[PDB]
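S.K.: Provided hereafter are the protein sequence and its experimental coordinates.
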Protein chains: 4
Amino acid sequence: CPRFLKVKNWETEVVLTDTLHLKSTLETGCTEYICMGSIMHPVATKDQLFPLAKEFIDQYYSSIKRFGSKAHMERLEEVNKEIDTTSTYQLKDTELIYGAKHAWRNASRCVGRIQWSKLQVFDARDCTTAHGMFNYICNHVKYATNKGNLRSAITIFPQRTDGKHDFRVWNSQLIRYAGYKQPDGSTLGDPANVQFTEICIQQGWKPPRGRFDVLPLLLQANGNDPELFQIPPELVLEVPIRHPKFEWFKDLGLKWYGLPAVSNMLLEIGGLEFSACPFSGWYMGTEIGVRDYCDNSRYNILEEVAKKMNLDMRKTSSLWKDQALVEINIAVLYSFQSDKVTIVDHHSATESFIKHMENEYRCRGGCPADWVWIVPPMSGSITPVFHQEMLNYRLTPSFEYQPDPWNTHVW
Amino acid sequence: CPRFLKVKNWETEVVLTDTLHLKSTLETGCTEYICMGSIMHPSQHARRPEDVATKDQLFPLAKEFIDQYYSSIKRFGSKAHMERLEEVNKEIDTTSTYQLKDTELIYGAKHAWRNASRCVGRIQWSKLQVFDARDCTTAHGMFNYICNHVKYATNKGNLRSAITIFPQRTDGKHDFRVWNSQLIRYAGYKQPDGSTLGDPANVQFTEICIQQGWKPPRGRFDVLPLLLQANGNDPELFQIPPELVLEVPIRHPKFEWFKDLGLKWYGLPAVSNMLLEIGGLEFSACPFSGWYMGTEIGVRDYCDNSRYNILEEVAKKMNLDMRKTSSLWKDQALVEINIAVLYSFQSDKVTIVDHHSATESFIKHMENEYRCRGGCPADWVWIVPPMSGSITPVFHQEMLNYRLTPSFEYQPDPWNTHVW
Amino acid sequence: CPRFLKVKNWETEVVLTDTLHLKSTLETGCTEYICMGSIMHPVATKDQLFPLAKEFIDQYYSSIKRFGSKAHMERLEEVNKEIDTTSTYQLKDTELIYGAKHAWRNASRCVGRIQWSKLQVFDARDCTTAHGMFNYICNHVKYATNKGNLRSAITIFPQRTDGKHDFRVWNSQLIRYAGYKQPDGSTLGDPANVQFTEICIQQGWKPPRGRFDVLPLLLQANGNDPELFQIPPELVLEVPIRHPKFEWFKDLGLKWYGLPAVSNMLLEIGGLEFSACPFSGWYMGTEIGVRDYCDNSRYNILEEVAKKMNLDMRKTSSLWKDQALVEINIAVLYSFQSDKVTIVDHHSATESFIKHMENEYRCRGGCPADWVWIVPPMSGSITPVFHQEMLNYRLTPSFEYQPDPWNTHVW
Amino acid sequence: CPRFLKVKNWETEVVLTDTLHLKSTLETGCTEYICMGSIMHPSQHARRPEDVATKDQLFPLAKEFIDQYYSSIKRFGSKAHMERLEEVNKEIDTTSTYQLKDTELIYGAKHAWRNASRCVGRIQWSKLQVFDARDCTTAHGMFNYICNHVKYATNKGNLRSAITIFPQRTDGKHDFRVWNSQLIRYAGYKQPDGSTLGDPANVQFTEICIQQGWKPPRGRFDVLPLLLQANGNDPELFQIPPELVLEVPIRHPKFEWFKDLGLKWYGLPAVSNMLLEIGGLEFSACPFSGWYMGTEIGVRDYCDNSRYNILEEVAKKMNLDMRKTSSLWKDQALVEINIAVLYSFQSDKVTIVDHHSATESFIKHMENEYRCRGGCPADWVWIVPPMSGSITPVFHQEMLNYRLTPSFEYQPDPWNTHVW
Ligand code: HEM
Ligand code: HEM
Ligand code: HEM
Ligand code: HEM
Ligand SMILES: c1cncc(CCCNCCc2ccnc(-n3ccnc3)n2)c1
Ligand SMILES: c1cncc(CCCNCCc2ccnc(-n3ccnc3)n2)c1
Ligand SMILES: c1cncc(CCCNCCc2ccnc(-n3ccnc3)n2)c1
Ligand SMILES: c1cncc(CCCNCCc2ccnc(-n3ccnc3)n2)c1
Ligand SMILES: C[C@H](O)[C@H](O)[C@H]1CNc2nc(N)[nH]c(=O)c2N1
Ligand SMILES: C[C@H](O)[C@H](O)[C@H]1CNc2nc(N)[nH]c(=O)c2N1
Ligand SMILES: C[C@H](O)[C@H](O)[C@H]1CNc2nc(N)[nH]c(=O)c2N1
Ligand SMILES: C[C@H](O)[C@H](O)[C@H]1CNc2nc(N)[nH]c(=O)c2N1
Ligand SMILES: [Zn+2]
Ligand SMILES: [Zn+2]
């Protein structure tokens, strides 16, 4: 209603038909009179939980082609009686694995989704302490890093109960570099992590006060106060950045960590909320070379690189910024590849995604995709996704944003 | 329910408050459940293009516009206001249409631009030359007016924004149309090869010109003739006199071989297939023009696979290793091509803006609009340049998109609606 | 999107979940800011026809559980090649029957839909002349009337081609009484048919000028001028109206035809348009007893019946109209039943409809329903449908209104 | 795509033109593809009931309201208007809410009634006694106010339209609520045999009263006590003085046995569980009362299967043959029941209107509204009486349904939300 929505690719003229949108039950933020597509960010009762859980179990049995089976009906009644008696329910191992892979599949902002069926799911629902999370997270990192041959993974910690016993990873990612405010107003390190860094220092962390200090983990178990753990540095794979042509590039002293791991999202499955669900894939080059390095509010390195390139920086029309941007990203890929750390360029990534998408239309009736995020932050129209119309809508299971734990936690 | 909306700029932390969207009356295409932000021509429940506004459609569209004009000149509720409203209503009642005053036409056109959420050049919105062509009755008349526009707008390379507005629709069978999508474009030819010579985007329109008697030079940069429809008649061919057509040969400040690629482009960017809608009136022929942002030419026109597709050609001459995508040879060539376009326009003294300059200006414009107007409808998908996105400020700037009227609307290509 | 909608019955507290609304592709008339629920009324190119045909063919093959089969794929090719060469296509007999039955099934304004699958389909697509139409219509009347034991049926004449060769039954119904405007402004007969009666007279029909004269048929074949045909009187079943207690009722001289046959609607199946598709079922009493007899703009008999009942007509609060109304409707039912003419009272009808809805929600995931039309014109809240929430949406195949042929026709 | 809309009456052929709907700001719950005209409480994308208005929601709702008020007294753009508007904004900015002047409160209450698309009594909209109870602080305070209301409204049988408005929501933790759905209703008791003694619609609420200390007489027409919640506190019980509760014994003007059925009803129909929204301000306790239409009692209260369900009992005393539906025994008893109710109220000099008279007035009302206001939002499903529909003019009247503010809204039953 409308049953069918068409997307057109204006390069290839290929038109696909979406019916997957019909399965959407959650609102996106737009209305018929306003679109919020460029906005970054547009206690479960018994009554509420029965249907959310039914929706999921049905979806799961439909997927293994056993919809309506004695197993289907049995699980359905077990879950319902489990929620009747305990006001919540627990997922089967099969269900947890399926739901996690499907949240990834449904992540409309992730360009990496062709990989969605290949995900190592670590079940950490038996975890009860912060040192326990730290062990789990350490296993996760080691597995995923795999000496540079990166592997996709997630670690799922216990679901929320009453919102007062929440497991959280306070880090926004498992591995980031610290940020420190200087007396002159500037930032040393990554300006994104100044606040988090302060909380760590305030919690006892001894900072090297350098440009690329790997942050400690701040782990919260069962609603308790978070505890500081340092990841063993042998476990943290880093890649020093150099240029295949410019030998002065290494002189800039730039590096980045190999493992991209989001740790501040909330994984929702059948109405259950896993508020500590760190996951990791591998890097697309532009995340590091365009955003992390060249965002004005990040490491902001365009000026220095341009200087060493000896470019005329007097006029914007010389595109000196654009020239540096390419060399920078060239270096990042050149460096990761040279050290045999899994990395993908934006051309290759975006081509894979179009393929994934066409697969998804063929086998699922659509692929929710957020154009604003999917198109790379440089060279946009020279990638195929720029010319690909997309539909954005919300499917469950999903990954969602949640408040930063340090805004709602009482010590 | 109605509420003010915040947009945040994620680099500057600046937060603006949108109130203007509460005045929106037209649909965006999205729903509460499905966002259509990247669909080019979403369906918006707009009435069929072959149909004309009824009285019941015209009465409120006209009142809305007359109200906002008199509001804009601080005369709202005045006797002039009331009388103008009374006159407009009688015209619609007795003729089922009405005629805009000259003042209202200029205001209307300016605001359609102001409201064009896809235009990054809108800081210039109140400096628009308006040629009122409503007395035009023939194709040759349209030719004359268009030559005037091209001449005035080109201004020997010191481009001036302009729009020429032909008579509004009536019964729907007497429409004025410029068949050309732009005033100045290059022919496209399908080759025995299977390849396309020239601009592939213009292959169909070129076939029509040839079917109508045009004699194609059959080269790579043949300026197309105008195809002009006046008063619902069959369109006639006119060659724009070539001295009025400003072109820039493309060369590079460092690579001497670049000029040998034989690239060039035209100075005057002029859209001619849109519909200008003011107070329910529809101006189906309203070509308008500003000046280029370099990426328009260097990225899209030159490097789209479905356009001139020159990436491989240029990469060859730069001696790039094109065996792996991860050498980013494509992006490297793209930047150089775009350096050349900007350099060339500047050298020939032809107005052009680079994407850094244009986007910084758009941010300024937005801040002005929020302060003086309560917001600024903007389509992030179109506003962010096609290369180097996140190193321009607009990438980091949240934008609300909504449709205010007066506006520029899309309309069907005329060769799909016209009977001969 | 939303995937699930819920309807509640406020008498029984039963909640049903609609998913069938997702299949909708046609607009209703409402927007999010205005509801048009009580408004009575809120040629196809090659490209337009392909998807319409495909949608129908698909749903047809899905309905017989042969979707994706060999046969399905071939029928799709056949139709697409047929449109490509002829700019139209022909339905197989099986498809015509399926579409007709489903148009009925989807008719949100019809309360008799429990019978939807019991529809006799007469394929009149070979018809070429008005006399041909006349012969077909007599068959339909004889068959459907069936000596009083009414049978549902539809007769489908050829589909639109270029829009200049349409088949049309100009009669709004196959059987109706004439209406003659009197000099004093009043009307003899059925005021709703004055315009059509005049047309008929103009075409050379000799009017009896009575209160219950059966109109002739005006038949348009192949876009030609309509021709007159008198239905053989023996085929027109009629019921004299009498009351089981009021012996004076028969003296009112009232009567009515037994066969309710709608003849002015358009049947749309898979993009094809059947502009002449007369259909018939049987009467719900209130159609005659309330609307035909007691509409102010129809036979408007309330006053004379009230007079014969010796009611105090001086104050509205004596509810004399309501009293008269009930007695008139008792008379209609009693009359039809006595003569063994099929008829349903509005209680039985609405009970059956609720039962139908529940079936439809079970086996189809919903049932489009126009509450404004489904709830009977008297005694609304003592019928179950009054208390039943309903969702209205347009499914295809469908019956559509079309403009009166005497507003379009050039002679 | 805004347009005037036409509504037709199909008996009289009168056609009216609706311009007022263009003002509508709230959602009906329909979409273009799915009509929800018969859904009692459609999702209309309204914020969570337990949430309060933010500054960003409040500013535009307040401006819309103040604008329509000054426009109403023909002073739009005046100094008073500009000053009042500035004053309201300062209060919102400073306190995150604001206060209505007495004039604005009266105007608002009256317009909520005028805007109520489900009320057939709206020809009376301008004659409304507003009791301003915004100085109330206690449950006993509410009780006194409510007694004043019942006494004024009842006026010894000559009923008068009235509303009592209690303090507005603040942080939603100090809400004022009348837990009763109506000021005057009868208890209901579930019985061991599974039947209900009294009104089944009030079983849950009765249980709450009994659990709170109310001593039930456990009869068939027990007048319920008030459960009053002041300032977010737990509610308190108050029995209304029985001499303030006017009741009518039901008898039949021909059927002598009818009185033996022991039926009676109350004279004052007073809704007390709705939310009055004026300019973003939310009045969660706003009991209002008018007078009964006959069918509300005779058809719904007495013949609904889920209410008093008296049909078969009356039918037996009429010695009807109840063996077949087609005898229309139900329809017969129904009419007799509704005659008895009207006769009884009239005989006791207690104001009441029959459905024929009431709907004729509504048509007249509509026609006035269209003339002076350009529209009348109306919900046909609710406006058409529940018996003898098509013999009332409203059945044949096309109506457009849209939501205007100020308005009366539904809010969750207090016991489903309240913390003790
Ligand atoms: C395996 C290789 C992967 C690649 C190349 C990839 C690529 C990307 C990229 C480039 C982004 C944009 C991030 C930003 O701009 O902030 C993203 C976001 C995202 N990805 Fe992936 N991804 C991969 C694996 C995964 C996995 C394993 C998951 C979860 C199981 C996942 C789920 C998500 C989600 C939920 C987002 C949204 C992040 C946010 O909103 O902040 N992706 N992905
Ligand atoms: C004066 C300098 C101007 C600049 C730098 C500029 C820039 C741009 C750019 C880069 C686009 C995107 C075009 C595309 O990618 O297809 C655009 C589109 C647009 N501009 Fe401008 N523009 C200017 C003047 C104008 C004027 C004078 C008008 C109208 C009076 C206007 C109205 C529009 C409209 C309606 C579009 C959307 C076109 C479409 O939807 O295809 N602009 N502008
Ligand atoms: C078999 C017993 C049937 C019963 C009891 C029945 C009952 C009704 C009733 C009471 C109406 C309302 C008509 C009005 O108030 O103007 C109606 C309308 C309608 N019926 Fe049926 N019907 C039957 C058979 C059929 C059949 C066989 C079809 C088609 C195959 C059909 C399709 C329709 C349609 C399309 C309408 C809407 C009429 C309009 O919009 O003008 N019905 N029906
Ligand atoms: C003066 C004589 C009045 C008459 C004859 C009358 C008639 C009616 C009727 C028959 C209903 C349908 C109720 C139902 O079936 O549940 C109704 C509803 C309603 N009335 Fe009135 N009314 C009157 C006065 C008022 C007044 C004074 C107000 C407010 C100040 C008002 C506001 C409403 C509202 C908001 C509804 C909808 C109630 C709901 O949705 O539950 N009415 N009216
Ligand atoms: C402003 C507002 N709101 C949010 C942000 C940052 C969001 C970060 N999104 C994910 C970034 C990221 C980092 C590392 N790895 C991955 N990652 C891993 C797998 N797929 C993506 N994503 C800034
Ligand atoms: C796919 C689908 N549907 C449409 C398109 C092309 C839209 C063209 N947009 C306008 C491009 C253009 C050309 C020349 N000048 C200007 N221009 C001049 C001033 N402002 C814009 N724009 C592609
Ligand atoms: C007012 C406005 N715009 C249109 C109309 C025509 C209403 C006709 N609806 C169908 C009436 C009818 C007559 C005879 N039979 C049947 N019928 C047969 C089966 N189902 C219904 N319906 C009236
Ligand atoms: C199911 C769901 N959700 C709600 C209901 C009952 C709705 C009650 N509407 C008001 C009934 C009423 C009672 C007494 N007086 C008045 N009343 C007074 C003035 N105007 C109407 N209305 C049933
Ligand atoms: C304002 C805008 O939404 C914001 O800058 C977005 C744009 N697109 C993005 N796309 C990706 N992949 N990642 C981002 O952080 C952003 N930032
Ligand atoms: C599918 C996508 O919307 C389409 O390619 C858009 C993207 N953004 C654009 N932006 C501009 N300025 N011009 C365009 O033609 C497009 N094309
Ligand atoms: C105005 C209103 O929509 C119109 O009178 C409708 C109401 N409901 C109806 N319901 C049926 N079944 N038939 C009708 O003709 C009508 N008429
Ligand atoms: C399902 C339907 O919306 C519901 O039963 C409505 C119908 N019309 C009504 N009309 C009025 N006046 N009051 C009601 O309670 C109802 N109930
Ligand atoms: Zn959107
Ligand atoms: Zn609706």
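M.R.: That came through, no problem. Numbers count the residues shown, from 1 in each chain, chains lettered A, B, ... in the order given. Ligands and ions are numbered 1, 2, ... in the order given.
S.K.: report whether stretch A:152-165 contacts chain D.
M.R.: No: Stretch A:152-165 stays out of contact with chain D when judged by Cβ under 8 Å from any Cβ of the partner chain, the minimum separation being 15.9 Å. C-beta coordinates here come from the backbone N, C-alpha and C atoms, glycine included.
S.K.: now that stretch: buried residues?
M.R.: Buried residues in stretch A:152-165, counted by 16 or more other Cβ atoms under 10 Å in any protein chain shown: A:152-160.
S.K.: repeat that for stretch A:34-44.
M.R.: Going by neighbour count (16+ other Cβ under 10 Å), the buried part of stretch A:34-44 is A:34-39, A:44.
S.K.: show me the strands in the stretch 301-411 of chain A, by range?
M.R.: Secondary structure of the stretch 301-411 of chain A by DSSP state E, counting those that start in this stretch: the strands cover A:343-344, A:398-401.
S.K.: in the stretch 201-350 of chain A, which residue sits closest to ligand 1?
M.R.: The shortest separation between the stretch 201-350 of chain A and ligand 1 is 2.4 Å, found at residue A:281 (distances taken as Cβ to the nearest ligand atom).
S.K.: can I assume that residue is in contact with residue A:116?
M.R.: No: judged on Cβ atoms under 8 Å, residue A:281 makes no contact with residue A:116 at a distance of 9.9 Å.
S.K.: which one's more surrounded, these two?
M.R.: For the pair residue A:281 and residue A:116, the greater number of neighbours falls to residue A:281 (25 against 20), based on other Cβ atoms under 10 Å in any protein chain shown.
S.K.: next up, the contacts around that one.
M.R.: Contact criterion Cβ atoms under 8 Å, 6 or more residues apart in numbering or on different chains gives A:112, A:115, A:150, A:152, A:260 as the residues in contact with residue A:281.
S.K.: could you do residue A:379 as well?
M.R.: Contact analysis of residue A:379 by Cβ under 8 Å, 6+ apart lists A:346, B:330-331, B:334, B:387-388.
S.K.: neighbours around residue A:359, how many?
M.R.: 13.
S.K.: hmm, I was thinking of residue A:229
M.R.: 17.
S.K.: please name the bridge partners of it.
M.R.: According to DSSP bridges, the residues that bridge with residue A:229 are residue A:217.
S.K.: who's in contact with whichever residue of the stretch 301-411 of chain A sits closest to ligand 11?
M.R.: Among all residues of the stretch 301-411 of chain A, residue A:393 sits closest to ligand 11, at 35.0 Å; criterion: Cβ to the nearest ligand atom. In this structure, residue A:393 makes contact with A:20-21, A:24, A:28, A:108, A:368, B:33-35, C:1, judged by Cβ under 8 Å, 6+ apart.
S.K.: ditto for residue A:248
M.R.: The contact partners of residue A:248, taken as Cβ under 8 Å, 6+ apart, are residue A:308.
S.K.: before we move on, the earlier item: which of the strands of the stretch 301-411 of chain A sits most buried?
M.R.: When neighbours are counted by mean count of other Cβ atoms under 10 Å in any protein chain shown, the highest per-stretch mean among the strands of the stretch 301-411 of chain A falls to strand A:343-344, a mean of 24.
S.K.: hmm, that one touching ligand 5?
M.R.: No: residues of strand A:343-344 are not located near ligand 5 by Cβ under 6 Å from any ligand atom, the shortest gap being 11.5 Å.
S.K.: ok, residues contacting that strand?
M.R.: A:282-285, A:332-333, A:336-337, A:352.
S.K.: identify the farthest-apart pair in those residues.
M.R.: Pairwise distances across the contacts of strand A:343-344 (Cβ to Cβ) peak at 18.6 Å, for the pair A:332 and A:352.
S.K.: and those two? Which one has more around it.
M.R.: residue A:332 (29 against 17).
S.K.: the nearest residue to the more buried one once chain neighbours are set aside in helix, strand or coil?
M.R.: Once its chain neighbours are removed from consideration, residue A:332 has its nearest residue in residue A:289; the separation is 4.0 Å (Cβ to Cβ, 6 or more residues apart in numbering or on different chains). In terms of secondary structure, residue A:289 is helix; the call rests on DSSP: H, G, I helix; E, B strand; the rest coil.
S.K.: with residue A:29 instead?
M.R.: Using three-state DSSP, the secondary structure recorded for residue A:29 is coil.
S.K.: next up, the contacts around the residue of the stretch 151-300 of chain A found nearest ligand 12.
M.R.: Proximity to ligand 12, evaluated over the stretch 151-300 of chain A using Cβ to the nearest ligand atom, is greatest for residue A:271 at 29.6 Å. Under the criterion of Cβ under 8 Å, 6+ apart, the neighbours of residue A:271 are A:44, A:48-49, A:52-53, A:56.
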